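Note sheet for the following structure.
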Amino acid sequence: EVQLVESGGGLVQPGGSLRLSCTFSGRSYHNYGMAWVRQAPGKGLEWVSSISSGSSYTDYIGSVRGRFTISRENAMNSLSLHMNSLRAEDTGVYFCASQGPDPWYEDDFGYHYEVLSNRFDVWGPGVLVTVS
Amino acid sequence: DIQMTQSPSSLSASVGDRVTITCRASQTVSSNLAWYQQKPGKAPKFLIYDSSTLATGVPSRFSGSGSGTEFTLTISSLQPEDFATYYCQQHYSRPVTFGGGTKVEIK
Amino acid sequence: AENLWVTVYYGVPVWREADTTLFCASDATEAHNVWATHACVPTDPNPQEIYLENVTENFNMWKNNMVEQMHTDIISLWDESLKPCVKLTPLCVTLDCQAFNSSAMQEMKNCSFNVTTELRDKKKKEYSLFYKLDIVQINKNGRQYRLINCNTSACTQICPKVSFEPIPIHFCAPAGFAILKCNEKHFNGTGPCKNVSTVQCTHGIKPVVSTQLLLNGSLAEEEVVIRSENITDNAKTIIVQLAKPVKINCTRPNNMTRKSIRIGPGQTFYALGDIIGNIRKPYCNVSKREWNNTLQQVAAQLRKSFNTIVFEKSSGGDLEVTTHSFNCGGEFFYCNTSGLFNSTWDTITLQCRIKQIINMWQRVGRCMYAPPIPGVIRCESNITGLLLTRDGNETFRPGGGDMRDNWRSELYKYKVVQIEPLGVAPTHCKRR
Amino acid sequence: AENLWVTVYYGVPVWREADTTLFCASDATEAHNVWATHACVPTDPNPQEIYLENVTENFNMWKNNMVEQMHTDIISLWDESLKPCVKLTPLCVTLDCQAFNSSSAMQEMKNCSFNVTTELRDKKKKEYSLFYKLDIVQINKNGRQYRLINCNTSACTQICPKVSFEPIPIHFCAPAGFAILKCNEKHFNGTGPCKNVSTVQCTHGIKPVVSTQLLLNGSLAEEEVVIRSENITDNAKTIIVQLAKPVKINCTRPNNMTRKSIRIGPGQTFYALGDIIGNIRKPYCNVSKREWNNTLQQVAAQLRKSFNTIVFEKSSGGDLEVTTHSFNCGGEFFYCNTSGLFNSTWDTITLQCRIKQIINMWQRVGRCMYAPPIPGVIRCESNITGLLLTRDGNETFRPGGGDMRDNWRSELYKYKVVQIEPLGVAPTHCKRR
Amino acid sequence: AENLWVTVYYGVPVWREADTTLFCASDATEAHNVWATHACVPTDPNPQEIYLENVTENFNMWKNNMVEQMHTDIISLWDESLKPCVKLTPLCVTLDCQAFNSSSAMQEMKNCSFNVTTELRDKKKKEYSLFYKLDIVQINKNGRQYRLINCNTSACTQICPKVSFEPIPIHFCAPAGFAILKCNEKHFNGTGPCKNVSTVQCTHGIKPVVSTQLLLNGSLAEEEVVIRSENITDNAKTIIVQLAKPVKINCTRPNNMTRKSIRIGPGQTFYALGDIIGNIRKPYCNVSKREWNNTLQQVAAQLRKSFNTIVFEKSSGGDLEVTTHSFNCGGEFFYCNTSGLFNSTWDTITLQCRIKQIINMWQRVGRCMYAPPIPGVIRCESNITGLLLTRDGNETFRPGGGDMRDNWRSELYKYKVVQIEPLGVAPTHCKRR
Amino acid sequence: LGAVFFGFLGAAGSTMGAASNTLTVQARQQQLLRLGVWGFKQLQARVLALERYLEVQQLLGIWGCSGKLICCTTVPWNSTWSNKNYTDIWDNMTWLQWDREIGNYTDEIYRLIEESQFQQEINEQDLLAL
Amino acid sequence: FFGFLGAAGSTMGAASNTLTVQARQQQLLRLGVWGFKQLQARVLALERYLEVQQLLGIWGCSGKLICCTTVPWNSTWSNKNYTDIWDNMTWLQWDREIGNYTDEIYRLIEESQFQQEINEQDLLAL
Amino acid sequence: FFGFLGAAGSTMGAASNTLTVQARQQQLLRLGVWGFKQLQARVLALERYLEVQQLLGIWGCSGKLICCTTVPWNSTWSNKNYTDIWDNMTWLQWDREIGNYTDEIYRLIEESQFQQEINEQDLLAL
Ligand SMILES: *[C@@H]1O[C@H](CO)[C@@H](O[C@@H]2O[C@H](CO)[C@@H](O[C@@H]3O[C@H](CO[C@H]4O[C@H](CO)[C@@H](O)[C@H](O)[C@@H]4O)[C@@H](O)[C@H](O[C@H]4O[C@H](CO)[C@@H](O)[C@H](O)[C@@H]4O)[C@@H]3O)[C@H](O)[C@H]2NC(C)=O)[C@H](O)[C@H]1NC(C)=O
Ligand SMILES: *[C@@H]1O[C@H](CO)[C@@H](O[C@@H]2O[C@H](CO)[C@@H](O)[C@H](O)[C@H]2NC(C)=O)[C@H](O)[C@H]1NC(C)=O
Ligand SMILES: *[C@@H]1O[C@H](CO)[C@@H](O)[C@H](O)[C@H]1NC(C)=O
Ligand SMILES: *[C@@H]1O[C@H](CO)[C@@H](O)[C@H](O)[C@H]1NC(C)=O
């Protein structure tokens with residue numbers, strides 16, 4: 001089974017650089033894309049950003065373009081959201097979620113691909129982020 | 001941009017009842033739609049993808065109408081572990097966005 | 001008796017027509033450029049010191065084999081220098097493409113292809129911009145393109161660690177030889193020169209490559225000059241040379257960015273990135289009046305041989321040859337010239353296209369992929385000749401012929417000759 | 001004495017054995033070939049064979065430096081010439097194969113079909129072509145999915161069809177200051193003195209012919225057959241024969257085969273056997289008796305002079321390149337049987353035999369070559385001039401060979417490369433004034 | 001009257017300092033070794049030396065052009081030697097490794113199963129091979145799913161086992177018209193005037209070993225271990241120590257490694273460590289105490305001559321290469337601790353060692369290699385003949401790495417190349433008639 | 001360096017007499033790319049350049065005039081080659097014309113000197129043998 | 001080999017007797033960088049050797065180890081006397097001292113022999 | 001030369017008859033094996049010519065094909081006289097018989113001709 005944990009969230013003044021971190025407690029992290037999903041209290045889930053397993057296809061939602069930074073280090077099985085320039089409307093629970101493991105299309109030799117297959121297979125327990 | 005919405009906002013049902021939740025998209029998506037369950041006090045869980053394929057850990061009381069664009073989620077029988085909030089998403093193209101969500105309640 | 005005996009002199013002025021290899025010399029940061037001064041012998045830029053009188057010699061630039069051995073040697077250098085950087089064999093994959101599209105112009109395609117990452121186990125789909133001239137169709141439905149050259153050769157990128165910017169090249173004969181320099185004003189190539197000198201090495205020869213026009217080239221001292229092996233027959237190109245040059249300005253007003261792709265292990269392929277700033281087609285400037293005037297000049301020399309004159313667009317061929325192709329700023333061009341040679345006897349625009357995949361030479365077995373240069377491009381150069389041809393009411397059209405005719409515009413004055421330092425004649429003197 | 005004084009004479013006729021770098025020379029002449037015969041040096045105008053009368057000199061073909069420095073140099077021509085040509089590495093794939101049939105039964109082949117990459121790197125294509133059984137192997141005993149022979153040691157070059165490799169006369173010229181002496185004895189057996197000797201600037205025509213168990217298109221002995229060896233007594237030495245009467249031979253591949261072209265990769269094209277025009281018939285060599293009957297008896301008569309009755313026998317064993325007569329005809333390599341040729345003890349004899357596309361051609365087993373098949377009917381007429389025999393050690397003889405450089409010894413034995421020593425010092429009545 | 005007139009002498013003994021290339025000569029299975037015929041005249045002698053008297057000359061080991069000339073030649077050939085060897089690109093694949101966990105549980109070793117392209121360009125095969133932990137890096141915190149340490153920057157050639165690694169002696173010769181002067185002082189300085197000088201046509205035999213922190217098999221001082229640096233007052237500059245008494249070093253791998261051949265592709269092979277025979281133990285070096293102690297005491301005794309309290313300190317830290325004595329034991333590249341030696345101030349002492357197959361071995365990062373394993377037990381005796389030392393500026397001296405050419409400066413400090421200028425003009429009473 | 005010496009010539013087109021004094025002009029008071037044309041073609045040119053200079057000096061070694069720039073000889077003129085008088089050739093003609101003329105017989109003139117110098121040398125040696 | 005460089009440190013008076021041909025004077029593979037460099041250096045050797053050979057021939061000292069000329073010495077170059085130069089000083093220092101003025105010496109040798117040779121031709125013209 | 005050996009078996013004195021001289025000393029590709037082979041061989045040929053000439057230019061015999069020297073013969077080298085040789089023997093076996101001594105003879109000519117030069121210039125210095 002795949003399990004995850006978040007850490008670093010808390011309360012910080014507006015305009016801060018409150019970073020977030022997710023850890024992957026499982027095997028085969030080399031071929032998992034990952035994403036962050038926001039949830040303001042009472043409202044629906046909102047997609048924040050995504051980074052492929054190879055870290056070459058980072059993508060974001062337009063509501064945070066240019067502000068946020070998503071990074072990962074395969075050598076230590078972790079995902080780091082280096083969020084910068086927060087504002088109060090960013091308040092809401094943050095979940096780190098991992099896209100399904102990369103497709104396997106054995107045709108000629110081994111073949112692992114690098115889609116951002118936007119199915120959030122597993123979600124970590126979540127960590128609160130509040131700005132006031 | 002793929003606007004997504006669900007209707008009705010919430011439904012009423014009881015254990016043993018057949019349940020149905022509807023999700024609609026402004027733009028067309030062939031079969032790339034998925035669902036989640038969010039028990040309050042816990043992060044979401046993965047239910048259905050490709051609009052018809054079940055998740056690895058889902059007890060198979062669920063099924064998705066994976067045709068056209070009137071995507072809908074149906075439950076053969078309602079049990080208390082299924083008595084929680086629900087979400088639908090398109091995973092055809094980015095940016096991803098989840099509908100307003102829907103909730104179930106006692107009948 | 002007349003009392004005469006053989007007398008031997010060492011150092012006599014006697015010379016013989018000869019053919020021999022020559023060695024490069026050039027003017028004075030590692031790996032610099034393809035015309036390497038570190039490959040040439042710098043030698044000396046100012047030989048000078050010569051004068052000659054009362055000599056007459058017969059030149060034939062149309063059979064001056066100095067150009068031919070030089071012709072092959074220049075290709076050998078260019079072929080040799082492409083050894084160390086990558087072969088684009090992995091780039092032969094089916095390309096899925098979309099319209100360039102807004103963020104709306106054309107002549108480019110948003111082509112994406114599959115490429116292997118650091119490990120063979122895993123792959124990634126990259127995206128890039130390619131010109132339509134670099135691509136051909138496979139399925140008529142409008143997708144699944146193919147690269148132009150993959151059915152003929154695995155192309156080499158022009159890796160920018162060594163550039164193509166041409167420095168002047170001095171050609172030197174080896175010890176025991178000299179180069180006779182015909183020095184008249186109106187010396188049209190073949191026949192007996194009457195004002196001649198010599199020199200150890202030629203002046204700065206620009207290793208330019210172009211078609212239908214000569215750029216940064218030699219100039220006749222005064223009055224335009226024309227050269228042809230024959231005028232009655234129309235098989236071979238006629239070379240025109242301008243004493244009064246006309247400036248030509250080129251530009252690519254687009255801040256095109258460069259995108260690096262890890263195509264192979266340790267090999268970096270270069271492809272076009274996003275376009276920054278405004279959008280414009282590449283075009284060239286030549287000024288009206290300033291340009292139109294020179295055609296009034298050349299017409300005189302044509303009709304000095306032919307008992308009205310008209311100039312018309314390119315006779316025909318592939319886009320390789322129906323165009324003024326040249327290099328400007330490190331990115332190759334292929335332009336029209338139909339807006340100039342359209343006359344009978346404010347800047348006038350020449351809008352045209354760029355290519356990344358080039359062959360230049362008639363030899364198709366070698367390919368070169370020139371990566372884009374970051375930022376806008378512009379350059380100014382002197383036009384000093386044409387490569388026209390006769391149609392035979394008699395019109396002309398700008399031909400290109402085979403490449404080597406460009407060189408003869410720079411080497412017509414020079415003839416390599418061997419020195420026979422020994423001469424013997426009878427004299428009344430006698431050995432003691 | 002008269003207190004005689006040392007004196008220097010510049011230009012004395014004296015010489016010394018030496019090792020030196022020879023270079024090519026050829027007649028003028030056309031076409032592009034594997035040999036770098038691009039004008040080498042022009043052949044000799046009226047070649048000057050100057051006779052060195054009255055002077056005794058010695059030759060030793062088995063220690064001559066010419067063959068060693070040349071066989072190690074001839075390999076470079078093929079390597080240097082085949083460096084640009086396509087390597088068939090991508091062609092190493094599993095081959096679907098079934099027994100060949102066509103309108104008239106012909107053994108040694110299978111109409112194999114296989115997967116290869118198309119012009120693009122990532123798009124396979126179904127292609128098929130005919131293959132000789134000698135150059136194909138089965139992956140497993142199940143009886144399907146065959147494979148090429150060369151893929152488990154080295155994928156190897158295809159010879160570019162645009163370059164020919166038919167032998168042409170090559171003159172080996174010693175550099176200025178050296179000379180090449182020639183032995184002209186009638187009965188010279190590879191070693192010892194030569195009573196009649198001359199010198200030349202370059203050797204006469206030597207043809208880079210490659211063959212085994214039989215010389216082809218060699219230099220004919222003017223009269224009387226001769227046998228040459230390092231030492232007759234031991235069986236470890238090749239027994240080179242040089243015929244006097246050139247028994248003729250004709251060989252052919254009667255089938256009119258078609259050259260089928262297949263695209264392998266970017267700028268790479270591969271040629272393989274295609275459809276056959278005509279009817280089935282085995283390739284063979286064509287020699288006449290009487291002519292061969294005479295020489296085999298004649299050579300044996302000269303052989304037993306060193307053994308005070310003679311026997312000939314079929315090859316002993318080993319690989320095909322040693323057990324079989326290898327040679328070239330029209331662009332395809334024939335390895336041919338010769339069993340009936342040596343069928344004697346003391347009209348024509350037909351030698352049916354086969355082709356192989358893939359060859360090694362040297363003991364440089366790492367190197368390998370694939371010869372593209374030649375379209376149309378192929379026919380050669382050739383001369384035999386020598387036999388590469390071996391002895392077991394009444395006597396029995398077999399065609400041997402094994403080594404390639406013995407083919408040069410059969411022509412280079414007449415030459416020695418020698419350095420001119422123009423300075424000599426001797427006493428004289430002079431005293432310098 | 002004086003009546004003096006110009007007189008020209010051809011061949012007066014005067015020389016001028018000049019820079020020119022020296023062609024290589026060396027002592028005496030095709031392609032044999034690194035120092036084969038590819039670059040040097042084989043098996044030439046060590047000829048006579050010309051003695052000189054009353055001559056003085058000012059040499060400079062740091063401005064000597066021979067060192068800078070030689071460094072690019074070593075790289076050029078070492079690149080040439082590996083031109084034909086297989087490119088190891090097809091080995092770049094995720095490895096399903098796991099703990100070695102095999103008895104006859106070693107540390108620093110792994111067992112890896114990985115997919116491979118076999119002789120044919122279709123079908124995989126689950127080949128396997130051992131790997132040293134230094135040549136392999138984990139991709140996940142889990143530890144599994146390893147990767148080679150070099151594939152991300154540049155995949156690099158295997159070293160073909162058919163060419164030997166041994167550094168046979170090399171001699172450098174000057175062209176005609178140039179001479180190689182040689183200094184002979186018992187306590188030469190590396191700079192300044194030599195009061196005792198000679199000259200020779202070809203240098204003495206250099207054994208081009210590659211090492212760091214310890215020169216092996218190199219030259220030796222006659223007596224009084226010597227110190228050589230650009231400026232001893234400066235610190236960032238390297239200090240080269242050359243011993244007089246050699247101290248013996250024995251280095252070994254007690255294990256009996258079997259060689260496994262992996263058919264990595266069509267005509268390609270990738271050698272790797274196989275199953276291990278016999279008792280299992282880590283490698284190490286042997287250097288005798290009371291001899292290193294005498295050696296280290298000595299150098300300290302002569303170090304203090306330029307510092308009016310000396311300390312020897314552990315390596316500088318960082319990358320395992322520059323921090324570690326890195327030499328080649330006749331076919332495998334060893335990395336040895338050295339921290340047990342350079343700990344001192346003013347029986348046997350053992351150093352444990354680690355093997356790295358994927359190596360760069362140049363400060364120039366534009367090259368890489370894979371040294372195949374040497375099957376069977378391996379042991380190599382050697383002499384330590386010099387040290388590399390670095391200073392921070394009561395001094396602490398670390399074992400030095402730095403530029404590679406510093407090794408060559410230990411052997412070539414004696415030599416200078418001088419251009420001959422034989423023409424000489426001077427006045428004389430004589431007069432031409 | 002096998003210098004061309006007179007090389008680019010002085011008053012080449014003048015009459016022959018200029019060569020007697022125009023020779024007063026003075027005479028002398030890198031790694032190169034290994035692989036390309038400028039490595040091998042340049043090397044080939046220098047080798048053949050030396051071949052030419054030595055060939056000249058060897059011939060001067062059989063004219064017997066080595067170490068000089070001018071020399072007279074013992075061989076009288078032969079009318080079978082030409083019949084020009086002194087003013088007709090030395091005063092009136094340039095060197096280039098003369099070489100174009102006697103080229104048909106220049107080799108024989110060289111041959112005549114070759115045997116003549118050898119004949120003179122052995123005669124001198126015969127005198128020294130006494 | 002007897003005196004290849006051995007006479008360097010001797011006084012020029014004694015060193016004048018120890019000239020002994022100071023200048024003095026197997027296939028190697030084709031493709032290596034060493035093959036070209038090894039061949040290149042030997043070609044440069046011929047150029048160096050013939051630079052001296054050509055100069056001596058032009059200076060009229062062909063085929064001689066020692067030769068006297070017709071031009072006087074000039075004290076502006078050096079004021080050393082016979083006993084200072086031959087009996088005391090060594091060859092190396094003479095090159096060091098006169099290095100500034102060697103061009104003047106070479107010019108005088110060049111012109112002195114040339115004007116003499118044409119004068120000799122005047123004698124041959126008789 | 002190839003015809004230069006034409007005297008061959010005729011006894012010693014025949015070297016002066018049928019006069020000629022030995023071998024004196026088409027563009028082709030650069031890296032072709034024959035291009036290197038001819039080019040390397042020609043540099044070898046050049047070295048095999050100059051080293052002979054400079055000896056003639058150091059023994060005081062350059063230019064001339066036959067010259068006589070100043071040193072006398074030594075009986076240890078050979079006891080045979082002029083009459084026993086020139087009408088009976090050829091150069092070939094004579095060279096193969098004397099090769100043990102040729103190094104000594106070479107240096108004796110060099111020093112014995114060099115002493116003439118210093119003798120000449122010493123004489124001219126008077
Ligand atoms: C006819 O001759 C003219 C002579 O002027 C040529 O035009 C010039 O060509 C040079 C050489 O290519 C051009 O130089 C280019 O300039 C760029 C930088 O521009 C600044 O610096 C240059 C001086 O270096 C200034 O002249 C200029 O005003 C700017 O201040 C570079 O983009 C070019 O490449 C350089 O950088 C890249 C990246 O580092 C390297 O890869 C290259 O090797 C190189 O170092 C280049 O240097 C110059 O701009 C041209 N001048 C004009 C006025 O046009 C014509 O090209 C020639 N015609 C033909 C047909 O060949
Ligand atoms: C080239 O030819 C011309 C014409 O014959 C020569 O003209 C010289 O002119 C001057 C003028 O003062 C006269 O004094 C000379 O007598 C003329 N020379 C002769 C030879 O007649 C001119 O000298 C010639 N130039 C050369 C270099 O030979
Ligand atoms: C060889 O001769 C024998 C004689 O008995 C005969 O049986 C056999 O068929 C012959 N073989 C050939 C190939 O001629
Ligand atoms: C050497 O061994 C010591 C033992 O304490 C250890 O600390 C050190 O890391 C080892 N390696 C090096 C390079 O010193």
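Numbering starts fresh at 1 for the residues of each chain in the structure tokens, the chains themselves are lettered A, B, ... in the order given, and ligands are numbered from 1 as they appear.
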Contact residues around range 35-49 of chain G with only C-alpha atoms at 8 Å, ignoring same-chain residues under 3 positions, as a PDB file with N, CA, C and O atoms, in the first residue's frame:
ATOM      1  N   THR E  21      58.150  19.445 -29.865  1.00  0.00           N
ATOM      2  CA  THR E  21      57.612  18.149 -29.478  1.00  0.00           C
ATOM      3  C   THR E  21      58.693  17.079 -29.548  1.00  0.00           C
ATOM      4  O   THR E  21      59.569  17.115 -30.416  1.00  0.00           O
ATOM      5  N   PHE E  23      59.310  12.992 -29.904  1.00  0.00           N
ATOM      6  CA  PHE E  23      58.691  11.733 -30.290  1.00  0.00           C
ATOM      7  C   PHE E  23      59.033  10.644 -29.280  1.00  0.00           C
ATOM      8  O   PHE E  23      60.132  10.603 -28.721  1.00  0.00           O
ATOM      9  N   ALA E  39      51.936   4.727 -30.847  1.00  0.00           N
ATOM     10  CA  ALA E  39      52.510   6.036 -30.545  1.00  0.00           C
ATOM     11  C   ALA E  39      54.026   6.073 -30.436  1.00  0.00           C
ATOM     12  O   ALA E  39      54.593   7.163 -30.569  1.00  0.00           O
ATOM     13  N   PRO E 175      64.147  15.867 -31.588  1.00  0.00           N
ATOM     14  CA  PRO E 175      64.463  15.798 -33.017  1.00  0.00           C
ATOM     15  C   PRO E 175      65.880  16.269 -33.292  1.00  0.00           C
ATOM     16  O   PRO E 175      66.508  16.943 -32.470  1.00  0.00           O
ATOM     17  N   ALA E 176      66.386  15.900 -34.466  1.00  0.00           N
ATOM     18  CA  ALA E 176      67.726  16.312 -34.858  1.00  0.00           C
ATOM     19  C   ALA E 176      67.836  17.831 -34.842  1.00  0.00           C
ATOM     20  O   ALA E 176      66.925  18.542 -35.276  1.00  0.00           O
ATOM     21  N   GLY E 177      68.961  18.328 -34.335  1.00  0.00           N
ATOM     22  CA  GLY E 177      69.151  19.748 -34.140  1.00  0.00           C
ATOM     23  C   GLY E 177      68.736  20.259 -32.779  1.00  0.00           C
ATOM     24  O   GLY E 177      68.966  21.439 -32.483  1.00  0.00           O
TER      25      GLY E 177
ATOM     26  N   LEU F   1      65.460  26.103 -44.631  1.00  0.00           N
ATOM     27  CA  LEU F   1      64.056  25.821 -44.911  1.00  0.00           C
ATOM     28  C   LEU F   1      63.814  25.641 -46.407  1.00  0.00           C
ATOM     29  O   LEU F   1      62.681  25.759 -46.874  1.00  0.00           O
ATOM     30  N   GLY F   2      64.876  25.356 -47.154  1.00  0.00           N
ATOM     31  CA  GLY F   2      64.746  25.250 -48.598  1.00  0.00           C
ATOM     32  C   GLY F   2      64.200  26.515 -49.218  1.00  0.00           C
ATOM     33  O   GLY F   2      63.339  26.451 -50.104  1.00  0.00           O
ATOM     34  N   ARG F  34      46.126  18.308 -37.040  1.00  0.00           N
ATOM     35  CA  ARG F  34      46.724  17.054 -37.479  1.00  0.00           C
ATOM     36  C   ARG F  34      45.962  16.406 -38.628  1.00  0.00           C
ATOM     37  O   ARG F  34      46.570  15.797 -39.515  1.00  0.00           O
ATOM     38  N   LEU F  43      51.690  19.590 -45.171  1.00  0.00           N
ATOM     39  CA  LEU F  43      52.880  18.767 -44.977  1.00  0.00           C
ATOM     40  C   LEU F  43      53.388  18.229 -46.309  1.00  0.00           C
ATOM     41  O   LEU F  43      54.598  18.202 -46.560  1.00  0.00           O
ATOM     42  N   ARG F  46      55.331  20.945 -48.262  1.00  0.00           N
ATOM     43  CA  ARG F  46      56.680  21.213 -47.779  1.00  0.00           C
ATOM     44  C   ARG F  46      57.642  20.103 -48.180  1.00  0.00           C
ATOM     45  O   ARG F  46      58.795  20.373 -48.538  1.00  0.00           O
ATOM     46  N   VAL F  47      57.193  18.847 -48.129  1.00  0.00           N
ATOM     47  CA  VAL F  47      58.061  17.738 -48.518  1.00  0.00           C
ATOM     48  C   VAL F  47      58.448  17.861 -49.986  1.00  0.00           C
ATOM     49  O   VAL F  47      59.629  17.799 -50.341  1.00  0.00           O
TER      50      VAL F  47
ATOM     51  N   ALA G  23      75.516  19.243 -35.793  1.00  0.00           N
ATOM     52  CA  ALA G  23      74.121  19.115 -36.204  1.00  0.00           C
ATOM     53  C   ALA G  23      73.665  17.662 -36.239  1.00  0.00           C
ATOM     54  O   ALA G  23      72.513  17.370 -35.898  1.00  0.00           O
ATOM     55  N   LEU G  28      55.940   3.186 -38.277  1.00  0.00           N
ATOM     56  CA  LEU G  28      54.920   3.812 -37.439  1.00  0.00           C
ATOM     57  C   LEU G  28      53.575   3.797 -38.156  1.00  0.00           C
ATOM     58  O   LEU G  28      53.520   3.845 -39.389  1.00  0.00           O
ATOM     59  N   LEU G  29      52.485   3.734 -37.396  1.00  0.00           N
ATOM     60  CA  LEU G  29      51.168   3.539 -37.985  1.00  0.00           C
ATOM     61  C   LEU G  29      50.609   4.846 -38.533  1.00  0.00           C
ATOM     62  O   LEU G  29      51.010   5.938 -38.121  1.00  0.00           O
ATOM     63  N   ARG G  30      49.669   4.717 -39.469  1.00  0.00           N
ATOM     64  CA  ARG G  30      49.216   5.852 -40.268  1.00  0.00           C
ATOM     65  C   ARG G  30      48.324   6.798 -39.469  1.00  0.00           C
ATOM     66  O   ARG G  30      48.542   8.014 -39.448  1.00  0.00           O
ATOM     67  N   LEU G  31      47.306   6.251 -38.803  1.00  0.00           N
ATOM     68  CA  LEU G  31      46.149   7.057 -38.431  1.00  0.00           C
ATOM     69  C   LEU G  31      46.360   7.855 -37.149  1.00  0.00           C
ATOM     70  O   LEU G  31      45.732   8.904 -36.974  1.00  0.00           O
ATOM     71  N   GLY G  32      47.225   7.392 -36.252  1.00  0.00           N
ATOM     72  CA  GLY G  32      47.374   8.053 -34.973  1.00  0.00           C
ATOM     73  C   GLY G  32      47.930   9.459 -35.100  1.00  0.00           C
ATOM     74  O   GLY G  32      48.649   9.800 -36.039  1.00  0.00           O
ATOM     75  N   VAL G  52      70.785  26.251 -42.452  1.00  0.00           N
ATOM     76  CA  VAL G  52      72.222  26.438 -42.290  1.00  0.00           C
ATOM     77  C   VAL G  52      72.947  26.129 -43.594  1.00  0.00           C
ATOM     78  O   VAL G  52      73.862  26.852 -44.001  1.00  0.00           O
ATOM     79  N   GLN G  53      72.552  25.044 -44.268  1.00  0.00           N
ATOM     80  CA  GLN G  53      73.216  24.660 -45.509  1.00  0.00           C
ATOM     81  C   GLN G  53      73.077  25.745 -46.567  1.00  0.00           C
ATOM     82  O   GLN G  53      74.045  26.079 -47.260  1.00  0.00           O
TER      83      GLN G  53
ATOM     84  N   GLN H  40      55.566   9.524 -46.366  1.00  0.00           N
ATOM     85  CA  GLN H  40      56.529   9.098 -45.357  1.00  0.00           C
ATOM     86  C   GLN H  40      57.766   8.490 -46.005  1.00  0.00           C
ATOM     87  O   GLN H  40      58.894   8.749 -45.571  1.00  0.00           O
ATOM     88  N   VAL H  43      60.134  11.247 -47.332  1.00  0.00           N
ATOM     89  CA  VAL H  43      60.927  11.847 -46.263  1.00  0.00           C
ATOM     90  C   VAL H  43      62.037  10.894 -45.840  1.00  0.00           C
ATOM     91  O   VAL H  43      63.160  11.317 -45.540  1.00  0.00           O
TER      92      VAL H  43
END
Excluding same-chain residues fewer than 3 positions from residue 184 in chain E, what lies within 9 Å of it counting only C-alpha atoms, as a PDB file with C-alpha atoms, in the first residue's frame?
ATOM      1  CA  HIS E 187      70.626  18.237  -4.131  1.00  0.00           C
ATOM      2  CA  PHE E 188      69.033  19.861  -7.167  1.00  0.00           C
ATOM      3  CA  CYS E 194      73.039  23.657 -12.359  1.00  0.00           C
ATOM      4  CA  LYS E 195      76.775  23.593 -11.700  1.00  0.00           C
ATOM      5  CA  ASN E 196      76.812  19.983 -12.974  1.00  0.00           C
ATOM      6  CA  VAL E 197      75.083  19.348 -16.307  1.00  0.00           C
ATOM      7  CA  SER E 198      75.026  16.766 -19.086  1.00  0.00           C
ATOM      8  CA  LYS E 414      66.030  17.124 -14.614  1.00  0.00           C
TER       9      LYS E 414
END
